[PDB]
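A single chain comes next, written as structure tokens; it is the form deposited in one PDB entry.
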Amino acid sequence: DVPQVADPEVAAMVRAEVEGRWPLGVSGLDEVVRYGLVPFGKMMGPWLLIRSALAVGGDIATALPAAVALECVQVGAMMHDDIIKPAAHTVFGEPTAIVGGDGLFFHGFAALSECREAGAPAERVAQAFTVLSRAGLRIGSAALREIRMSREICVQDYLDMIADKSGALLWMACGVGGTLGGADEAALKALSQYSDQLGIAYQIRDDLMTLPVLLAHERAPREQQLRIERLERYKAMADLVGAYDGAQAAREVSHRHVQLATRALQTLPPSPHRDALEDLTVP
């Protein structure tokens, strides 16, 4: 049983590339950009893009600046999210954090533009910007609806949001990576279902630390349902979830979507990259 391709060190090259672009000691706008970037963390977003690009037969030289783009767009969305680690608006003032987050967004767009010079045909580069933008609108929508849905009961409406919260974030990676790798339409649809399903499983894992409340609210007698609809307040919530096995039921919903994620992957060619994408579903 011999793999036919290499399995590169995908995390270390992305870190070195991001730090190389915004090294210690930058000033001006690069200073605010870097504050958002550092400490780097694992960068599972960028690593995901490179694996998805390589899973379909792509080049690292194309995938690497797209991964940086994905890094910048995500950190800028986080820098703006804090306004609405010490927070950048805390550190520099709220106005500077706005320009900074925009600088991170536009560094994303500029780095994704390098894909042409890196070797990608202009038609794929435009299709990559289309994927990036549409997933960007999904991540923004769910963030807003998260605010308008809070303090009120939603089961499907919660699931849509977390797909646009977590799955669109994964699809920004997988769709741009797959697009830059030259994926055909069946592989891109496979990567999108993988992103949506794994994003759902990821968010429920966060809920488990919310879906349990809705699973608990769903199962409760009407006397308690009217109590949950109305609802120290955390501990009363944890009481009703425990009473109606809300946390266990949430685990069973999440475990079903993990399997639809590993199912979706089997469309991809067998490779060390597909196996890593499967590996990312395990806790």
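Throughout, rigid core stands for the largest set of C-alpha atoms superposing within 1.5 Å between the two forms. All residue numbers are counted from 1 along the displayed sequence.
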Query raised in the report: According to the PDB entry, how many deposited residues between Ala249 and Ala250 are absent from the model (none, 1 to 3, 4 to 9, 10 or more)?
Result: none
Requested in this report: Look at the stretch from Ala143 to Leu144 and count the residues of the deposited sequence that the entry does not model, then pick none, 1 to 3, 4 to 9, or 10 or more.
Outcome: none
Query raised in the report: Per the PDB record, is the mean Cα temperature factor higher over 219-227 or over 32-40?
Result: 219-227
Requested in this report: Would you determine, from the values in the PDB entry, which of 167-175 and 145-153 has the greater average C-alpha temperature factor?
Outcome: 145-153
Report task. Could you check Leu70, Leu48, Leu64, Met237 and tell me which one carries the biggest Cα B-factor in the deposited entry? Result -> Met237
Query raised in the report: Taking the Cα B-factors listed in the entry, which of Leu208, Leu132, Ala110, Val75 comes out highest?
Result: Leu208
Report summary line: Temperature factor at the Cα of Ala12, chain-ranked in thirds, falls in the highest
Report task. Classify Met161 as lowest, middle or highest third according to the C-alpha B-factor given in the PDB entry, relative to its own chain. Result -> highest
Query - Among modelled residues of the same chain, the CA temperature factor third for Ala243 - result: highest
Report task. Taking the chain's C-alpha temperature factors as the reference, tell me which third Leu214 falls into: lowest, middle or highest. Result -> highest
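Not pictured, yet referred to below: the form deposited in another entry.
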Query - Position that moves between this form and the one not shown after core superposition, taken from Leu169, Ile204, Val125, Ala97, with Cα shift of 2 Å or more - result: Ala97
Report task. Could you tell me whether the Cα atom of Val253 shifts by at least 2 Å between this form and the one not shown after core superposition? Result -> no
Query raised in the report: Taking the rigid core as the frame, does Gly57 move its C-alpha by 2 Å or more between this form and the one not shown?
Result: no
Query raised in the report: On a core-based superposition, does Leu240 travel 2 Å or more at its Cα between this form and the one not shown?
Result: yes
Query raised in the report: Where do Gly41 and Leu277 end up in the other form, Cα atoms closer or farther than shown, with a change of 3 Å or more?
Result: closer
Report summary line: Relative to the shown structure, Cα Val73 and Cα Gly41 in the other form (3 Å or more change) are farther
